[PDB]
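What follows is one chain in structure tokens, specifically the form deposited in one PDB entry.
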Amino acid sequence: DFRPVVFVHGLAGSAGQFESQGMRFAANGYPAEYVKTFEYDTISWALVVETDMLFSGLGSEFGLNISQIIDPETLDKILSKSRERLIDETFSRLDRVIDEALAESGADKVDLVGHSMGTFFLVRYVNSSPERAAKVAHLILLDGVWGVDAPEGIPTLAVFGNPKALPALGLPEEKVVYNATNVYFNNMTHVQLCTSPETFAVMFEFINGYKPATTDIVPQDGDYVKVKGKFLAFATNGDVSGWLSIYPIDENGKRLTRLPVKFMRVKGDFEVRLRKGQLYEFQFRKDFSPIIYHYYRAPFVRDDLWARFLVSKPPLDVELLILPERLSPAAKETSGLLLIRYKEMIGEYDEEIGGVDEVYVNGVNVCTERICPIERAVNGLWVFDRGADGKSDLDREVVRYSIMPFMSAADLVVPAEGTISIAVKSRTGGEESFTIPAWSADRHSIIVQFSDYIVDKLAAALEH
């Protein structure tokens, strides 16, 4: 019998970094409900908690950077929170999740997995009391804390990627969690490490004692899948209110039904039954905003209980960064996109990584060495007409994003006429392409989520 696994994301992260992994666990026999995700406000956590000296402030670095855009009065309110109180509140909520999971499954202990800042969070959590540590069969720490001992008596696995994808003004000649089994994937980058099928295999074997029969997201039988998802605020992860309209679409992004096949008021959570292998447009209207959001992604092939749709909201309203252009005349005639992949898009070649991604928008590669260098760990690439001047200047950095963790931007004019072609040729092999309507930036925002792994028949065969 499998025991539940509970995943704790990092700064500016969410359940999305464990979506693929949850589906791999289920493909290998785990009831899908046994894979839990614990979400929390990462801005308050990084600034209030991880700025202490337990780890000499290491767990807070990306939070310090991303916080630059917070309004002064709001920042002060955030920093005024009691640190001991935030900790006890958040940790008590994880106790509840773990206790409910043990009762639901009948298991005696759970496996806990943390990514990046989530590893700092979990080391504090298990060391906070013997009762908390007692409920953990295995602890997995992905590309986060290092130079510390594994919590006493808890079998710990630490998996590390290439440090070039993280801030390097520090000098770790090696990252090790003492007394843990340490595994290294030097050809992988920060978030990629969290979502990789190779990481999946190492984790499954560590906690189960045998290699999984497959690391593929195996499609399930039948024509329908259950999807449980949430619309939540980027980085702070609070539930977001709005209206969800789902439309099945063709290969060119045209809606196949006049009316949406699902229409609902949402407050964070939502659950829907959809057709397996079908392309959908998830249209979202958030309360109090005039923009209509159109979310695109590959079809679902099995139940997915961890889908996440990110929404820009205060205090960290990152979308405000593209407001000047959205308010310009060119917005009526040009589109604005956010391309997301939880596996760094890399345009700079490094022999250790071994290859570069190519990301084409209307036939132009925006994943260049200047826009997607390895050190920026690009998981979110904003594509819009910077300056609203009708000129593409890919060689000139879009400076406003330089300090934003995991994001970059490309100044490319995308005509809001007809459709937009978007394709990624993955550095690890395979390609995924989308053709969608060219919604104008004045009224619409377009979010395209690339899959974090592509299994290509020919490439797999060539390797075999």
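Residue numbers here begin at 1 and follow the sequence given. So that the term is clear: the rigid core is the largest set of C-alpha atoms that superpose within 1.5 Å between two forms.
One more form of this protein, deposited in another entry, exists but is not displayed; see below.
Q: Once the rigid core is superposed, exactly one of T37, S44, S67, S426 has its CA displaced by 2 Å or more between this form and the one not shown; which residue is that?
A: Comparing both forms, the shifted residue turns out to be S67.
Q: Aligning on the core only, does the CA of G57 end up 2 angstroms or more away between this form and the one not shown?
A: Superposed on the core, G57 moves its C-alpha 2 Å or more between this form and the one not shown.
Q: Since the Cα-Cα distance for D95 and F55 shifts by 3 angstroms or more in that other deposited form, is it a contraction (closer) or an expansion (farther)?
A: It is farther: the C-alpha separation of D95 and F55 rises by at least 3 Å in that other deposited form.
Q: Note whether the distance between the C-alpha atoms of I66 and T189 decreases (closer) or increases (farther) in that other deposited form, against the displayed form; the change is 3 Å or more.
A: Farther apart in that other deposited form, by 3 Å or more.
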